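Before anything else, here's the structure in question.
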Amino acid sequence: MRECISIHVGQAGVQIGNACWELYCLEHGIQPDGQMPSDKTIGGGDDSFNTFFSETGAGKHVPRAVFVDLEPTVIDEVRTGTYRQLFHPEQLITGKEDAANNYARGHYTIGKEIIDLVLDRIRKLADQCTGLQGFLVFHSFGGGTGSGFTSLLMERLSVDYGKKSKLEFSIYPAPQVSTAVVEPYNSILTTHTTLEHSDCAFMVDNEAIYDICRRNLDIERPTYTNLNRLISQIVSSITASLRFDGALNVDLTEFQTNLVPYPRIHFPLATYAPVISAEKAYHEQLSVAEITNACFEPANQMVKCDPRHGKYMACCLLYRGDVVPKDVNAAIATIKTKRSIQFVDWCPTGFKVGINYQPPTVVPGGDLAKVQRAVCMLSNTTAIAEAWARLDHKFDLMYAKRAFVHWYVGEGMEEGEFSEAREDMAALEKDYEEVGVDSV
Amino acid sequence: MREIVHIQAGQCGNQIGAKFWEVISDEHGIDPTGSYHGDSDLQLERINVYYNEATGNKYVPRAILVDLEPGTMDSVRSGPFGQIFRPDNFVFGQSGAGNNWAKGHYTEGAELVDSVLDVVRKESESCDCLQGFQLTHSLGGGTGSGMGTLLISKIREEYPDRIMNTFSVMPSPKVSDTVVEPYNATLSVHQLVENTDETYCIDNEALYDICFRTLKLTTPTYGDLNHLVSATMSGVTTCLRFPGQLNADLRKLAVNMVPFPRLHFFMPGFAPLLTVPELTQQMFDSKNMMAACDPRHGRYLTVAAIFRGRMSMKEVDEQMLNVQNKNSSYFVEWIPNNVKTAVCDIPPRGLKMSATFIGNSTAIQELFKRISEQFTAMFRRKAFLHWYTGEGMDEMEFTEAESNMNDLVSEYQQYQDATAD
Amino acid sequence: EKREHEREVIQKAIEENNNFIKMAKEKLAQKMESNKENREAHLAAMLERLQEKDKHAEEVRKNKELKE
Ligand SMILES: Nc1nc2c(ncn2[C@@H]2O[C@H](COP(=O)(O)OP(=O)(O)OP(=O)(O)O)[C@@H](O)[C@H]2O)c(=O)[nH]1
Ligand SMILES: Nc1nc2c(ncn2[C@@H]2O[C@H](COP(=O)(O)OP(=O)(O)O)[C@@H](O)[C@H]2O)c(=O)[nH]1
Ligand SMILES: [Ca+2]
Ligand SMILES: [Mg+2]
Ligand SMILES: [Mg+2]
């Protein structure tokens with residue numbers, strides 16, 4: 001019961017999924033062939049790890065996942081790679097030809113040729129579930145598949161599963177790792193299109209992750225593998241409530257209640273700590289107080305924005321490892337004296353806490369210290385709107401000259417869809433402004 | 001599984017084509033008998049972009065050779081790697097083009113066209129997923145220009161959803177085998193503006209001046225020019241031929257390089273004609289451009305750049321950032337992040353470090369102006385025209401092409417003058 | 001009165017989940033329809049232009065024949 005199905009879409013979605021599922025296997029002690037010596041329940045069960053993993057008669061533990069891309073080069077590596085025995089071939093879905101950085105091809109031209117088959121495979125995962133809870137959808141903003149196909153899919157999933165919950169992990173574009181000049185277009189179109197179909201979306205700013213890899217881990221020039229390895233630690237923090245259980249453990253949906261005050265305002269800011277190399281961690285236990293402290297440092301955020309210049313609508317702390325409440329409460333008390341974390345006048349100022357006893361791991365060969373304790377803060381602040389502003393600004397500069405727009409019109413789109421998407425984003429920026437203004 | 005189909009047409013087209021094949025075959029570890037005798041898995045990972053697999057496990061270029069007279073093509077066979085081509089893909093006529101565009105496009109070219117078409121189909125239908133086509137040709141002759149453009153059009157009817165990419169060689173009166181070459185050029189350009197997705201503008205003027213003024217060859221050969229052309233062609237196809245973290249193909253490139261359909265004419269650049277900063281500076285220098293235009297007389301809409309060799313990723317990032325920072329006036333502000341960068345670990349034969357540059361710059365108007373000035377000097381005093389009406393053409397069609405090309409210049413100017421605010 | 005209010009609330013929640021699904025389904029179908037249309041019209045116009053160029057190349061060969 002209470003299963004979650006993960007859908008990884010496009011290159012970023014897929015590679016991030018490789019990272020996340022590798023980490024999950026290691027957190028749960030599942031071997032690359034899917035066996036897990038510790039599960040005495042053969043062929044099924046109702047342990048917490050079963051939210052993400054189905055069991056077979058042979059004792060293989062199988063991700064409740066689907067990987068989807070419009071070309072085959074990235075998923076081929078999964079079919080061929082180290083973890084290839086984990087999935088049934090049907091969970092790995094490829095076409096022949098990609099979306100060429102074009103949202104139209106992703107949502108329409110190429111994407112409509114494969115959407116039925118994807119929904120069919122997802123349906124085979126949902127039929128194995130005794131109480132399906134929802135979907136986790138991983139994708140980039142900037143790609144044609146990650147934007148267009150993800151949008152098409154979300155609309156279809158709303159159709160086929162109703163108001164069953166859908167959460168996003170969305171990869172927001174950075175100029176250092178960027179692949180197309182048209183990413184702001186694809187970003188705006190996919191954000192406008194998915195906004196009504198998504199319940200909670202976690203943005204991951206590639207520039208922030210990148211900055212963090214450079215600064216805290218002294219990686220001269222970070223790769224997708226560096227980024228992904230960090231991102232997955234954040235996603236693991238966020239899903240630990242679903243995948244493990246303990247007394248102090250607090251379910252993600254319970255945080256979700258506090259995180260989304262209005263349907264459109266469903267974009268929480270994540271902040272992770274500690275990010276530290278083995279070199280620097282050797283002979284230093286970083287206490288609850290230090291990691292808690294570092295959560296309020298803007299250089300540790302998934303998204304580049306300044307929360308000091310916005311207002312808080314919610315503040316959640318998700319701890320894992322060797323952590324007891326007394327310490328947390330001390331650390332929070334200190335933060336509350338030394339920081340002025342300001343909330344909007346219509347919400348309470350408490351921090352909501354949860355603790356998972358199971359300590360973090362790392363993937364061998366990585367650059368991250370294996371620490372005893374960690375924390376992800378999820379806050380909802382109006383500052384996140386800066387990230388819409390930047391993107392919207394970029395869109396405007398091109399759109400005012402109609403640059404590259406012909407590539408979209410060539411696939412059967414109208415300019416109207418562009419102006420309509422940009423108006424939705426303008427209204428979202430204005431909503432973020434309004435929630436922060438004090439009451440009558 | 002992302003096939004490109006290559007077509008060389010006429011004299012220039014076949015020579016630069018042949019060179020292309022030589023260079024890339026060497027880079028991929030393929031001999032003239034078509035065997036893989038090479039040292040890295042990387043040379044084979046995306047080998048089928050350009051080569052078909054075969055009997056006796058051979059690799060065969062997906063190339064089609066085309067000319068209106070057997071001259072240049074027998075030299076192709078006689079030449080090394082002449083044996084690597086597929087003898088059926090040799091499509092030639094007899095009567096020749098006589099350096100006359102109307103002959104390439106309308107008359108004799110029109111008689112030969114369907115046999116080319118049949119081989120094109122044989123090559124496409126064997127493809128798992130066709131990216132599209134690249135044509136090497138010249139715009140000064142008659143086969144390359146006239147029949148190359150006619151080919152483009154005909155292929156476009158059958159594969160209107162595939163990318164058409166040309167390497168087009170532009171006529172200079174230094175190295176200049178005629179006098180009607182402006183007519184031929186204008187006529188071809190007029191076609192190109194409408195029917196290619198992306199055209200690499202290879203200028204003999206610029207090639208000549210590099211060999212003379214820089215390489216110090218006071219008497220440069222076709223062989224010296226084509227040496228330049230081949231290094232370039234290698235350079236700009238590096239991202240197609242090798243696995244990167246970019247995945248390039250012709251569509252993604254067009255999408256990222258072409259902001260308005262008509263403005264698809266690129267200025268290539270190469271370095272060296274050595275450290276990352278020097279590589280980077282030289283590569284943007286007007287002296288290293290394969291089209292004879294100063295980029296400081298215009299502004300870049302878009303730019304792709306690729307560095308080949310083993311070098312610091314961090315350093316290249318810093319240098320490319322630097323170059324945009326310090327020259328910010330020469331990049332339009334209404335296209336954020338318009339300069340892209342790739343690194344390939346494998347250098348071309350004979351170098352430790354190279355850099356290839358592809359620009360969509362409005363300074364290219366300079367080049368179309370050159371052709372326009374020459375063209376008009378003749379035309380208005382109706383010089384050498386009978387040659388053309390000779391074959392059924394109207395004067396109108398000359399007027400229309402000149403207009404179209406002046407329109408293209410006007411357009412490049414208009415986007416050059418455009419501001420963010 | 002209270003039971004009937006209970007019935008109303010839950011039927012309203014069903015109705016809204018349904019109208020949402022329906023709306024989505026329609027919105028999708030309209031956009032995919034308009035999409036196919038537009039794309040087709042672009043290809044058709046391209047092919048038309050090409051075909052005019054073929055016809056024009058007849059009138060250039062047919063016209064060289066009429067100089068004899
Ligand atoms: N963090 C992270 N970002 C990635 C990764 N791969 C691509 N991206 C980002 O995703 C955006 C590009 O989208 P992609 O996922 O590569 O494109 P796609 O979904 O495969 O779509 P098409 O290939 O055009 O069909 C860029 O902003 C990249 O920086 C990855 O592995 N990790
Ligand atoms: N760079 C270069 N230009 C060439 C070569 N061969 C011919 N040209 C140019 O081609 C133009 C004439 O076209 P050509 O290929 O000879 O005629 P075609 O066979 O009818 O296409 C002239 O401007 C020549 O300078 C070559 O090998 N390299
Ligand atoms: Ca130390
Ligand atoms: Mg892709
Ligand atoms: Mg010649």
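Positions of Cβ are set from backbone N, Cα and C atoms, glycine also.
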Among A:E71, A:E90, A:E279, A:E284, which residue does Swiss-Prot annotate as binding GTP together with A:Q11, A:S140, A:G144, A:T145, A:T179, A:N206, A:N228?
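The candidate from A:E71, A:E90, A:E279, A:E284 that Swiss-Prot ties to GTP along with A:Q11, A:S140, A:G144, A:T145, A:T179, A:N206, A:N228 is A:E71.
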Taking each of A:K40, A:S140, A:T179, A:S232, A:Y282, A:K370 in turn, which of these recorded positions have a Cβ less than 8 Å away from a Cβ in chain B?
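Near chain B, the qualifying recorded positions are A:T179.
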Let me know how many other Cβ atoms fall within 10 Å of the Cβ of A:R339 (omega-N-methylarginine).
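Within a 10 Å radius of the Cβ of A:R339 (omega-N-methylarginine) lie 11 other Cβ atoms.
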If you measure from the Cα of A:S232 (phosphoserine), which of the recorded positions A:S140, A:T179, A:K326, A:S439 is the nearest?
A:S140
What's the CA-CA gap between A:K40 (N6,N6,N6-trimethyllysine) and A:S48 (phosphoserine) in angstrom, rounded?
14
Compared by Cα position, which of the recorded positions A:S48, A:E71, A:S140, A:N206, A:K326 is the closest one to A:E254 (active site)?
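Closest candidate to A:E254 (active site), judged by Cα separation, is A:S48.
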Within 10 Å of the Cβ of A:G144 (GTP binding site), how many other Cβ atoms can be counted across all chains shown?
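If we count other Cβ atoms within 10 Å of A:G144 (GTP binding site), we arrive at 32.
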When you rank A:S48, A:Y282, A:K370 by Cα distance to A:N206 (GTP binding site), which of the recorded positions ends up on top as the closest?
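Of all the candidates listed, A:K370 is nearest in space.
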State, in Å as a whole number, the widest CA to CA span among the GTP-binding residues A:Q11, A:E71, A:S140, A:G144, A:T145, A:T179, A:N206, A:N228 given in the record.
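Greatest Cα separation within the listed binding residues comes to 23 Å.
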